[PDB]
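Beneath this line is the structure, given in structure tokens, with notes to follow.
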Amino acid sequence: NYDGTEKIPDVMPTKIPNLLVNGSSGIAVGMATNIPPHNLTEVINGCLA
DNA sequence: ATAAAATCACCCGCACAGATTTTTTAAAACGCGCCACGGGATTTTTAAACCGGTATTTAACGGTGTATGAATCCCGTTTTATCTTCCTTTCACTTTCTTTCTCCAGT
């Protein structure tokens, strides 16, 4: 952490494709993102395919 | 000094609706000119009124069976009369800045 007295995970070991099913939206310097949500069953079927 | 409840400015990308701002275009206008058109004075011809008569074609009249016009009752629409308001304006007051007049200690 900032004081060097704790530990924080670098990334989560997720079982869910969260990015596609929930989307995202943010504004940065020189760029931006905009992603719509989706349906979980269709994403799972696509991953299996 | 402990409790209860509230409010606002800016940064970073991107897409779009709305508000100016040039730019182009069609209508209105002006000056000059010429010839198409209408006025005036003869020739010509034909549309309609007038006499017949005849042969149809219409309107006024007497029964039935409706469709609608005036009256009543409402509710959205638009006018008109009637309140409050923010900028213009001065203006007497207040405040604040600039120059001047002394004091005055020192030598």
Side-chain angles (χ1 to χ4, degrees):
Chain A
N1 62 334
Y2 54 93
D3 284 339
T5 59
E6 296 285 349
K7 290 294 184 178
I8 301 178
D10 182 71
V11 73
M12 292 298 185
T14 173
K15 287 184 172 62
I16 314 296
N18 187 28
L19 182 63
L20 283 180
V21 303
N22 274 332
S24 179
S25 179
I27 308 175
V29 179
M31 58 187 62
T33 175
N34 208 20
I35 300 178
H38 291 79
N39 189 88
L40 185 61
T41 305
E42 303 176 4
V43 178
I44 295 297
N45 294 333
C47 293
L48 292 178

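Note that these values count all heavy atoms, side chains included, but never hydrogens, waters or copies made by symmetry. Numbered from 1 within each chain, the chains take letters A, B, ... in sequence-line order.
- In DNA chain B, no run of at least 3 consecutive Watson-Crick or G-U pairs with both distances below 3.5 Å is found.
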Expected list for residues 5-17 of chain A: side-chain donor-acceptor pairs under 3.5 angstrom, two or more places apart:
unit_1: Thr14(A); atom_1: OG1; unit_2: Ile16(A); atom_2: N; d: 2.8
unit_1: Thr14(A); atom_1: OG1; unit_2: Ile16(A); atom_2: O; d: 2.9

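- Residue note: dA5(B) shows a north-type sugar, the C1'-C2'-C3'-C4' torsion being above zero.
- Partners of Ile27(A) according to the side-chain contact (heavy atoms from CB on, under 4.5 Å) rule, which considers only residues two or more places apart in sequence or in another chain, do not exist here.
- With a positive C1'-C2'-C3'-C4' torsion, the sugar ring of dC10(B) falls in the north range.
- Every residue two or more places apart in sequence or in another chain that forms a side-chain contact (heavy atoms from CB on, under 4.5 Å) with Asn22(A) is listed here: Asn18(A).
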Only distances under 3.5 Å count here; give the side-chain donor-acceptor pairs of residues 36-49 of chain A to other protein atoms, sequence neighbours excluded, each with its distance to 0.1 Å.
unit_1: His38(A); atom_1: ND1; unit_2: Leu20(A); atom_2: O; d: 2.9
unit_1: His38(A); atom_1: ND1; unit_2: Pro36(A); atom_2: O; d: 3.2
unit_1: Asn45(A); atom_1: ND2; unit_2: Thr41(A); atom_2: O; d: 3.2

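- In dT7(B), the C1'-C2'-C3'-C4' torsion is positive, which places the sugar in the north family.
- Sugar conformation, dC91(B): south. The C1'-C2'-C3'-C4' torsion carries a negative sign.
- The pentose of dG52(B) belongs to the north class of puckers. Its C1'-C2'-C3'-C4' angle has a positive sign.
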Please tabulate, one pair per line, each protein N/O and nucleotide N/O from nucleotides 8-12 of chain B that are separated by under 3.5 Å, including the distance.
unit_1: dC12(B); atom_1: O3'; unit_2: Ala28(A); atom_2: O; d: 3.4

